[PDB]
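Residue numbers begin at 1 in each chain, while the letters A, B, ... track the order of the sequences. Both backbone and side-chain heavy atoms feed into the values below; hydrogens, waters and symmetry mates do not.
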There are 2 protein chains.
Amino acid sequence: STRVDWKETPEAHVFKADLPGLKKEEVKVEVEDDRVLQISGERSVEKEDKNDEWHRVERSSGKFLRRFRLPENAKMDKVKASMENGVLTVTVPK
Amino acid sequence: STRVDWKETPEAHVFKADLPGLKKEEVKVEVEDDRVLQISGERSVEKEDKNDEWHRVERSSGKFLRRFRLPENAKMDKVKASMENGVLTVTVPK
């Protein structure tokens with residue numbers, strides 16, 4: 001499960017999700033009925049080569065999904081997202 | 001704990017570590033005696049503002065450290081590292 005921090009400033013709700021190996025265009029950020037913010041996507045996996053040998057396998061892959069019900073002060077039509085170095089930031093202005 | 005995959009191809013040992021939020025310059029990649037590869041660093045935390053309210057705190061911070069003993073076929077002096085999308089790739093040629 002995706003680790004997400006959620007902070008509320010006087011100006012905005014700010015979400016930060018750790019999504020290593022993804023960039024912005026691969027993460028779907030959307031608003032659903034009832035003030036719900038949804039983040040989702042799929043982390044892709046490199047194709048294996050016959051000549052590869054593994055010594056450690058610890059990283060996860062596959063689908064991720066988180067949903068947050070924002071409070072009434074949030075301007076859900078003004079959601080903006082950006083990503084850098086594996087961290088997604090979603091800002092919902094108040 | 002940092003998740004690290006280690007693959008060995010005919011050409012190299014390839015390590016991939018999920019280190020979201022870190023710049024390449026913040027990650028120390030070092031070779032120590034006895035063919036040990038060490039990866040370490042510290043993820044910084046944004047200065048707290050008294051006016052903020054936290055709704056969710058899930059993301060890790062603080063120091064990390066992993067060590068790997070490479071086999072004799074690794075050319076430890078030719079190590080290279082790069083980071084992209086919160087993934088550190090360390091390549092040790094064979």
inquiry  = Tell me whether B:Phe68 shares a hydrophobic cluster with B:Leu19, the cluster being built from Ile, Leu, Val, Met, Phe, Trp, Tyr side chains joined at under 4.5 Å.
reply    = yes
query = Which heavy atom of A:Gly86 sits nearest a heavy atom of B:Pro20, and at what distance?
reply = O-CB, 3.7 Å
key: Interface moiety of B:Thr2 toward chain A, non-hydrogen atoms closer than 4.5 Å   = backbone
Part of B:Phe15 lying under 4.5 Å from any heavy atom of chain A = neither
ask   = More than 12 non-hydrogen atoms from neighbouring residues, nucleotides or ligands closer than 6.0 Å to CG on A:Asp77, yes or no?
value = yes
ask   = Near A:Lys23 NZ, under 6.0 Å, is it more than 12 heavy atoms from other residues, nucleotides or ligands?
value = no
task = Could I get the full list of side-chain contact (heavy atoms from CB on, under 4.5 Å) partners for A:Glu11, not counting sequence neighbours?
result = A:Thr9
Option that, when pairs with chain B are counted at under 4.5 Å, heavy atom only, ranks first among A:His13, A:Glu84, A:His55, A:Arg3 = A:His55
Only pairs under 3.5 Å count here: list side-chain donor-acceptor contacts from residues 58-65 of chain A, not counting sequence neighbours, and write none if there are none.
{"residue": "A:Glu58", "atom": "OE1", "partner": "B:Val4", "partner atom": "N", "Å": "3.0"}
{"residue": "A:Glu58", "atom": "OE1", "partner": "B:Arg66", "partner atom": "NH1", "Å": "2.8"}
{"residue": "A:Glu58", "atom": "OE2", "partner": "B:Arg66", "partner atom": "NH2", "Å": "3.0"}
{"residue": "A:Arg59", "atom": "NE", "partner": "B:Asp5", "partner atom": "OD2", "Å": "3.0"}
{"residue": "A:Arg59", "atom": "NH1", "partner": "B:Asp18", "partner atom": "OD1", "Å": "3.2"}

key: B:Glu46/A:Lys7 ion pair, N-O < 4.0 Å   = yes
